[PDB]
Amino acid sequence: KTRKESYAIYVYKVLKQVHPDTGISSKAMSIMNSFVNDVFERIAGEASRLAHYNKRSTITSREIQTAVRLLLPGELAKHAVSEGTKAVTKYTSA
Amino acid sequence: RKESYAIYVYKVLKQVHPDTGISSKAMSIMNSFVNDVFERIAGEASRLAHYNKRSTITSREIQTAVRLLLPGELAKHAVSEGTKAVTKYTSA
Amino acid sequence: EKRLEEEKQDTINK
Amino acid sequence: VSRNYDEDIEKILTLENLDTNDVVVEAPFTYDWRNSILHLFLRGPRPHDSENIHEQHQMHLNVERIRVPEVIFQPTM
Amino acid sequence: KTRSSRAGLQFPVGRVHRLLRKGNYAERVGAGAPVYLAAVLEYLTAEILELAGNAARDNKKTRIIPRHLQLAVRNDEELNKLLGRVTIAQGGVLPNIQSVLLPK
Amino acid sequence: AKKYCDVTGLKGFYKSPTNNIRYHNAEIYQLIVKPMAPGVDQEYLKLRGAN
Amino acid sequence: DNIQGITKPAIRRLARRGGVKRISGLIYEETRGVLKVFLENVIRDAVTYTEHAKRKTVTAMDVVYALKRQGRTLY
Amino acid sequence: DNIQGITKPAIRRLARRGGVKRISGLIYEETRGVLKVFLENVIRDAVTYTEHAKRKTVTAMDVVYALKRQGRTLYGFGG
Amino acid sequence: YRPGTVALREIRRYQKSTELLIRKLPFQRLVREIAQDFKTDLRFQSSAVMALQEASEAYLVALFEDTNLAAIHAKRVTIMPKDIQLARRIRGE
Amino acid sequence: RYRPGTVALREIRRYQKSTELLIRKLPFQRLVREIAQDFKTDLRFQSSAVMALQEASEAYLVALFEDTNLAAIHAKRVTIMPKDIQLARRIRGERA
DNA sequence: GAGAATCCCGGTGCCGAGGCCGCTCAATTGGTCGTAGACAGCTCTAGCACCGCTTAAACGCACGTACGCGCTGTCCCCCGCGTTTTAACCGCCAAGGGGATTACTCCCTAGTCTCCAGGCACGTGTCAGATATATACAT
DNA sequence: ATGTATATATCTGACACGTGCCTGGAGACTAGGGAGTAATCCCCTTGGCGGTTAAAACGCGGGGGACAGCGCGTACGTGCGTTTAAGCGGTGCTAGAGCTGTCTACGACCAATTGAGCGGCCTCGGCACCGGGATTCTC
């Protein structure tokens, strides 16, 4: 059959990791699949325009860093830039 | 060179209104306008290229895009003038 | 011939 | 240069040293504070008045005087 | 040996890199940008999965219905501004009755 | 190398897990390390080169 | 009779979901006309997406993109 | 402090170019409040725009692309 | 006749649940006919029609919340078509 | 000679006829200077930038006062109150 | 019937809006090839349409009462206007701090061969609801 | 006379785990040009002068506009009789969605070229500004 692309198992077992005794339904998997590619194209576009506004021809951590510091209203960005910097330091550590 | 569109719409204005001038502030206003519509229709051309996985943009896709974002009779006149423009391209 | 083959396959599966 | 940086750093913030070993440098221009070491580190053993014009033009050199010559002995600082 | 395990993250980093290559955003892509995308994505779904979890134990249900994420997303102003313009299928209306509209 | 508090230059006992700055006692963690602005960390740790 | 196909008690349930206590009798035709022009504006984009896709029928993702177009993004 | 710079006749001129006939006294502080939060949002865009490019000036392109970001873009200073 | 208690229970009973209000077959021909305006005998889709159903329900509940908020502003519970015109004009259209 | 109001009608007719800015430049760039120095330290600015936010502010003021005018007309009142601008910002989605 | 307050007709620098030459990159032309759009052809999912039982939802008539609406007396708070006065703005002068760009450089990300296990797809067991017995006790 | 209480006993019903598989992400090798840095020139804007001047602050007379309050009628809410045509669900038919195969021609790439739009400079008349007379709502 067709090889459909969906991150439903990823959200399913971070749900299982943080909530070990909680269930879920297939409409929920479709609904935050719509969430995560909605924000994926939204912030992929944002950085794109921005970098092009900056006249840079690439996408490193800097453009997306200012995009996620600028885009969403608050709080989640304050934890998000810290946890993303911590993620790229465990990447460069490895 | 620093690209702009001054002499182009000056020639167009001399074609349509041969006794009418315009100012530089207005020239910058229409420069912002042409950049805005160009970026809007190019972003639309990219996204309805990306919807149906087609790697090549042809005239019919962005034709349907200007049927999309423009309202009715302006879209009719635009598609008629566009079709006659590409047929006088491909005639030569 | 496709409909007869599909009917035969469905009858065999049933 | 401090004679022993391990022992001098554990007593230079006490009030018995900051009366003698604190230098206040004035810039040129035209809930108690006793138990808080922020007020000792920033404004020394004297109380801080934020409304005084000559007050906010002041350095306080208490730790750095023995901290900066120790970089030669320990370059990890 | 996977790069997501090397980054210590759970959301995949090769998948978003694949979607970034042919997603026609930039002709050159850095290494840390898909990791940063996966990090902010993991943070966003971690936050609303905590919200859906406390809505689920507020209603005392083992399965998160989308209505649970409606009153999880309408209980904070940050996602009331981030997802205020959005329209949700089978979302309902949060309980909100004006004091003047109530009798007496 | 001896650990030191980055706020005061004192003897550092505790390192904060959110932003990785060593500190000496509780109150510098209360009114300096916690409410510090983002981006202050990078030239805070530039002195010991931990950025 | 496509105008009166949609029932007045359905508009009553829509009003009670919106939080309307008292509603008049002349609101139904104007509400129906506004809904007709709204769905016509949506289905114009939807049918141009059907002629985009080289298909003679409608699907899910064309309506999805038509809802993402004007700023009432569907979820 | 410096928020009364848009004082009462300036808001009166904005009201007269906006179309409102009669003005009450409580309109002025509310209008300067929404002005000082709207310009705060634009400057909130502009600070991340400036710190992105490592560039410490704010041009007309900065505010024009910022107005493009909140969907209230303006012609005359680039597109 | 008991006034207001049944209406309050009614308001709570469709502000608590998430049931569908618009019937599926009337709205079906409705949009089918709006479709004929562009494409006749348009083969349709079940996901397409519940997409239009939920979009129309969301737009209706947003417009009606706008209308009853601006009616409670106007010191009168009841609704006139000028309230809907005010909500449409102020909201952008 | 002495009228309740007719000078306001000539003023609104002249202001709808004219297109000049009605907001003084010095308090405007002073207030954006205070906001910018409240956010960060030692920023530079351009003149085309501050006439651009002058144009944005006057357009937003024109739109909001048209909104309050239509809301006051539908409220059967001539004098304007902050309830109308509060409902205008709530309806438009500016605050919620 | 008068009066501030408008519109309209005529002179006046001016300074900011049309040509023009110099010329430097940028649009134009030609050859080549490897891949993606288009067409033909193929298999089955699923949309359309109609029949018939069930029935809860919808129409329609009857009435009743609060609420929309019409009118009224009232403070009273904004509106026109005279009087200081206080900051805005124009003209200008020098600094110096920051924007552009030239110019080499090096590294790391584009591009390609290989290969294996990560995730997708398709089966089987395992705890939650539903009817039923049933008989003695309490209401 | 009847509910019921608390355990059966069957008994389905929706949900999570144990095998295939295939394909794309990761390891390894090659290249080249995109940020990286930094120096230098130049340009503009931030301070600082000072006069002078339209315009804001302040206080005072006055007039319609907003405030609650009271009565008149009627319109939507409530209810029961009577439809009705929505919902289930079932079956039969066939368009068309979707995948595969194959071809070939539009288009990316590269090298040379010519030409036309950017700009500094030059020149001059349209419009705002000012002065004074006709004209129109308003009291």
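Just give me the residues in segment J:66-85 being basic (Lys, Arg) and part of a helix (DSSP H, G or I), in sequence order. Working first, answer last.
Narrowing segment J:66-85 to residues basic (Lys, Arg): J:76-77, J:83.
Within segment J:66-85, just J:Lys83 meets the criteria.
Take the residues in segment B:36-48 that are of a type outside the set (D, E, K, R) and away from DNA strand K (no atom under 15 Å from the Cβ), then tell me which one is surrounded by the fewest Cβ atoms within 10 Å (Cβ to Cβ).
Checked segment B:36-48; the qualifying residue surrounded by the fewest Cβ atoms within 10 Å (Cβ to Cβ) is B:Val37.
For residues that are near DNA strand K (Cβ under 10 Å from one of its atoms) and surrounded by 21 or more Cβ atoms within 10 Å (Cβ to Cβ), scanning just segment E:21-41, find the one that is nearest to A:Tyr91 (Cα to Cα).
The residue in question is E:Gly32.
For segment J:24-35, what are the residues that are more than 16 Å from the chain's Cα centre (by Cα) and within 10 Å of DNA strand L (Cβ to nearest atom)?
Residue satisfying the conditions is J:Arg33 alone.
Go over the candidates J:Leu9, J:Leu21, J:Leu31 one by one and state the one that is among the aliphatic types (A, V, I, L, M) and more than 18 Å from H:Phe38 (Cβ to Cβ).
J:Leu9
Residues in segment H:11-56 that are within 14 Å of the chain's Cα centre (by Cα) and hydrophobic (A, V, I, L, M, F, W, C): how many?
10
May I ask you to list pairs of residues, at least six apart or on different chains, whose Cβ atoms are under 8 Å apart, with the first in segment J:1-17 being of a type in the set (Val, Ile, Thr) and the second being within 11 Å of DNA strand L (Cβ to nearest atom)?
J:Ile12/H:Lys21
Within the group I:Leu86, I:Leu60, I:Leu21, I:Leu52, which residue is surrounded by 13 or more Cβ atoms within 10 Å (Cβ to Cβ) and within 12 Å of DNA strand L (Cβ to nearest atom)?
Going through I:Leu86, I:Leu60, I:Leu21, I:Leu52 in turn, just one is surrounded by 13 or more Cβ atoms within 10 Å (Cβ to Cβ) and within 12 Å of DNA strand L (Cβ to nearest atom): I:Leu21.
Do the conditions hold for G:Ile43, that is, is it within 30 Å of A:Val39 (Cα to Cα) and among the hydrophobic types (A, V, I, L, M, F, W, C)?
Values: within 30 Å of A:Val39 (Cα to Cα): yes; among the hydrophobic types (A, V, I, L, M, F, W, C): yes.
Taking the combined requirement at face value, the residue satisfies it.
Given the criteria away from DNA strand L (no atom under 16 Å from the Cβ) and either outside any loop (DSSP other than H, G, I, E, B) or on the phi > 0 side of the Ramachandran plot (or both), does E:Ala39 qualify?
Taking the combined requirement at face value, the residue does not satisfy it.
Okay, residues lined up against (1) buried (at least 19 other Cβ atoms within 10 Å of the Cβ); (2) within 15 Å of DNA strand K (Cβ to nearest atom); (3) under 21 Å from A:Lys27 (Cα atoms):
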site: E:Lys1; (1), (2), (3): no, yes, no
site: E:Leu19; (1), (2), (3): no, yes, no
site: E:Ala55; (1), (2), (3): yes, no, yes
site: E:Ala72; (1), (2), (3): yes, no, yes
site: E:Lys81; (1), (2), (3): no, no, no
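Which members of segment A:16-49 meet the condition of being within 12 Å of DNA strand L (Cβ to nearest atom), outside any strand (DSSP E or B) and out of contact with any helix residue (DSSP H, G or I) (no Cβ under 8 Å at 6 or more places or on another chain)?
Result: A:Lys16, A:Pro20, A:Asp21, A:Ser25, A:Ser26.
Quick one: count up the residues across segment F:1-28 that are aromatic (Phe, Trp, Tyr) and either assigned to a loop (DSSP other than H, G, I, E, B) or surrounded by fewer than 16 Cβ atoms within 10 Å (Cβ to Cβ) (or both).
Keep residues of segment F:1-28 that are aromatic (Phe, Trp, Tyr), which gives F:4, F:13-14, F:23.
If we keep only those that are either assigned to a loop (DSSP other than H, G, I, E, B) or surrounded by fewer than 16 Cβ atoms within 10 Å (Cβ to Cβ) (or both) as well, we get F:13.
Of the residues in that region, 1 qualify.
Looking at E:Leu71, E:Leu83, can you tell me which residue is under 14 Å from the mean Cα position of the chain (by Cα), more than 9 Å from chain I (Cβ to nearest Cβ) and closer than 20 Å to I:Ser17 by Cα?
E:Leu71
Given the criteria among the small types (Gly, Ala, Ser), away from chain H (no Cβ under 12 Å) and within 12 Å of DNA strand K (Cβ to nearest atom), does B:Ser28 qualify?
no
Considering only segment H:51-69, state which residues are within 14 Å of DNA strand K (Cβ to nearest atom), within 22 Å of B:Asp36 (Cα to Cα), assigned to a helix (DSSP H, G or I) and facing another protein chain (nearest Cβ under 7 Å).
As a first pass, look at segment H:51-69 and keep what is within 14 Å of DNA strand K (Cβ to nearest atom): H:51-62.
Narrowing the set further to residues that are within 22 Å of B:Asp36 (Cα to Cα) leaves H:58-62.
Still in the list and also assigned to a helix (DSSP H, G or I): H:60-62.
If the condition is that a residue be within 14 Å of DNA strand K (Cβ to nearest atom), within 22 Å of B:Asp36 (Cα to Cα), assigned to a helix (DSSP H, G or I) and facing another protein chain (nearest Cβ under 7 Å), then H:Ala60, H:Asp62 are the ones that fit.
Quick one: count up the residues across segment J:8-46 that are more than 8 Å from DNA strand K (Cβ to nearest atom) and in contact with a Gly (Cβ under 6 Å, 6 or more places away or on another chain).
1
Taking the residues in segment E:4-17 that are farther than 13 Å from A:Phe40 by Cβ and within 8 Å of chain A (Cβ to nearest Cβ) as candidates, determine which candidate is nearest to DNA strand K (Cβ to nearest atom).
It comes out as E:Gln10.
Of the residues H:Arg72, H:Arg32, H:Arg12, which single one is surrounded by 18 or more Cβ atoms within 10 Å (Cβ to Cβ) and either in a loop (DSSP other than H, G, I, E, B) or within 16 Å of DNA strand K (Cβ to nearest atom) (or both)?
Selected residue: H:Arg32, the only one of H:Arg72, H:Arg32, H:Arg12 that is surrounded by 18 or more Cβ atoms within 10 Å (Cβ to Cβ) and either in a loop (DSSP other than H, G, I, E, B) or within 16 Å of DNA strand K (Cβ to nearest atom) (or both).
Suppose we filter segment I:12-22 for residues that are in contact with a helix residue (DSSP H, G or I) (Cβ under 6 Å, 6 or more places away or on another chain) and at the interface with chain G (Cβ under 8 Å from one of its Cβ atoms); how many remain?
Total meeting the criteria: 3.
Go through J:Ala96, J:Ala63, J:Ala36, J:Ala49 for me and flag whichever is under 22 Å from H:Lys68 (Cα atoms) and assigned to a loop (DSSP other than H, G, I, E, B).
Within the list J:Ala96, J:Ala63, J:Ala36, J:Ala49, the selection yields J:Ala96.
All but one of (1) more than 19 Å from E:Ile88 (Cβ to Cβ); (2) facing chain G (nearest Cβ under 7 Å); (3) within 17 Å of the chain's Cα centre (by Cα); (4) not hydroxyl-bearing (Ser, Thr, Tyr) hold for I:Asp83; state the number of the condition that does not hold.
(2)
For segment A:50-94, name all the residues that are touching a helix residue (DSSP H, G or I) at 6+ places or on another chain (Cβ under 8 Å) and not in a helix (DSSP H, G or I).
Scanning segment A:50-94 gives A:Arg56, A:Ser57, A:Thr58, A:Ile59, A:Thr60, A:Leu71, A:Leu72, A:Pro73, A:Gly74, A:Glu75, A:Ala94.
Do you know which residues across segment A:21-69 are among the hydrophobic types (A, V, I, L, M, F, W, C) and in contact with a strand residue (DSSP E or B) (Cβ under 7 Å, 6 or more places away or on another chain)?
Once the filter is applied, which keeps residues that are among the hydrophobic types (A, V, I, L, M, F, W, C) and in contact with a strand residue (DSSP E or B) (Cβ under 7 Å, 6 or more places away or on another chain), segment A:21-69 yields only A:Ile24.
Here is a list of conditions, (1) out of contact with any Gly (no Cβ under 9 Å at 6 or more places or on another chain); (2) over 24 Å from F:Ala26 (Cα atoms), and D:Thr76 meets all of them except one; can you say which number that is?
(1)
Can you list residue pairs whose Cβ atoms sit under 7 Å apart, with the first residue in segment A:17-28 being charged (D, E, K, R) and the second being assigned to a helix (DSSP H, G or I)? Count only pairs 6 or more apart in sequence or on different chains.
Here the result reads A:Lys27/E:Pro66, each pair linking segment A:17-28 to a residue that is assigned to a helix (DSSP H, G or I).
Report yes if I:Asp37 is at the interface with another protein chain (Cβ under 7 Å from one of its Cβ atoms) and within 22 Å of G:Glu29 (Cβ to Cβ), otherwise no.
Working: at the interface with another protein chain (Cβ under 7 Å from one of its Cβ atoms): yes; within 22 Å of G:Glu29 (Cβ to Cβ): yes.
It is true that I:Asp37 is at the interface with another protein chain (Cβ under 7 Å from one of its Cβ atoms) and within 22 Å of G:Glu29 (Cβ to Cβ).
Could you figure out which of (1) assigned to a helix (DSSP H, G or I); (2) closer than 17 Å to H:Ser24 by Cβ; (3) within 9 Å of DNA strand K (Cβ to nearest atom) isn't true of J:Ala88?
It fails just one condition, (3).
Cβ sites come from the backbone with ideal geometry, for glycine too, and all protein chains shown count toward neighbours. Quick note: the coordinates plus some simple rules give every number you see, no bench work behind them.
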